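Shown here is one chain on its own, the form deposited in one PDB entry, set out as structure tokens.
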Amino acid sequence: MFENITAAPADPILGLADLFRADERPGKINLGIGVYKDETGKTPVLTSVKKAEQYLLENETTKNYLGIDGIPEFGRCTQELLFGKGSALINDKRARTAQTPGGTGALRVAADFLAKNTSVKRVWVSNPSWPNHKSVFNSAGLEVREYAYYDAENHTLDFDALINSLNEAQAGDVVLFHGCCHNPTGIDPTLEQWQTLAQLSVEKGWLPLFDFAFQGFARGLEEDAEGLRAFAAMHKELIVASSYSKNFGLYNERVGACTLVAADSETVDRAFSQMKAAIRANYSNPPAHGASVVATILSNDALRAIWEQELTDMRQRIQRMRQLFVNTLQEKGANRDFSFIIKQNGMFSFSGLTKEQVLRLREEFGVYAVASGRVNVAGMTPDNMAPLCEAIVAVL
């Protein structure tokens, strides 16, 4: 049955790693990794989650099963983080939340609820979007299409070639947005543009699907979600899939949450029951530890004080490396305007290099970027920067 019938191929990020330690030169610089790094080139476990973990080791008197929808106050905290303190969605009880194994785990759960208990058959992702977006939605049974977003001659959003590509989307369609800012490009919709997309999706059909992974990483925990919250006020139906892995450092623990707003507490509760029936068929009930850590930090003003500080420290390092990269190019190799790296937001960005400049960097110069020209700027240590630019200036 499994004999010689089967296949391969490599989901493209993960293929880049093994090919790299492999280099000994040091194999000096790997950019493109999906995770943040500090001053030294390591991803530590936050001091704030570390404190909340001894608090747990001290207080857990049982490891018996979680309800399918997770921890109660974890839910109360994530909706309160997404929508605001007194957002009428919260009470009006228009929103319900299921703790999930990551952002990816929440995207499939949405896609499976949608796939069986609704009329959706197609879903639109940006161009480009996160690699895995396509196989999650496809896997559930849906189809995935592509609106235009950016292109790489002028280094920004085509707000005109975007709205004029989402007009081919019909009433029953899911449009996936990324709330904070965008993987790979790093490019911001302004609240005026969000304002716009918000109002097309009300008088147009379409169910919004926010993909929220870099909260707190562009401008600040409250500012970033103002997009999603611009949308959450026109709308009566919404699904946001959130991750707590990159801004909590909680990556291998698997923590995030699938939340749905749905017009009135009576319906968000019929719709959450089938949503819960889809978790039972999937993983059954969620992973307690890492979510338990996000719930007790966020519900502790001393620990949350310290975590928000670590969140402001992660963000400013990335913001410092964009200027240390843009102008060490400026100052070591004249060729072109790289400006755009600066105020673009988040860890990921598109350098503007050919597939053959990526291949020119990776096999003699050290620098490993993913074939799209997408570099993780958090992967730049202050010591990287002037050999980093070496290769990028030797290739133009």
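Position 1 is the first residue in the sequence shown; the rest follow in order. For the two forms, the rigid core is made up of the largest set of C-alpha atoms that agree within 1.5 Å on superposition.
Below, we turn to the form deposited in another entry, even though it does not appear here.
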For this session: Using a rigid core alignment, state whether the CA of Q330 is displaced by 2 Å or more between this form and the one not shown.
Result: yes
Exercise. Is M347 one of the residues whose C-alpha moves 2 Å or more between this form and the one not shown after the core fit?
Worked result: no
Problem set entry | Large Cα shift (2 Å or above) at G27 between this form and the one not shown, core-fitted | yes
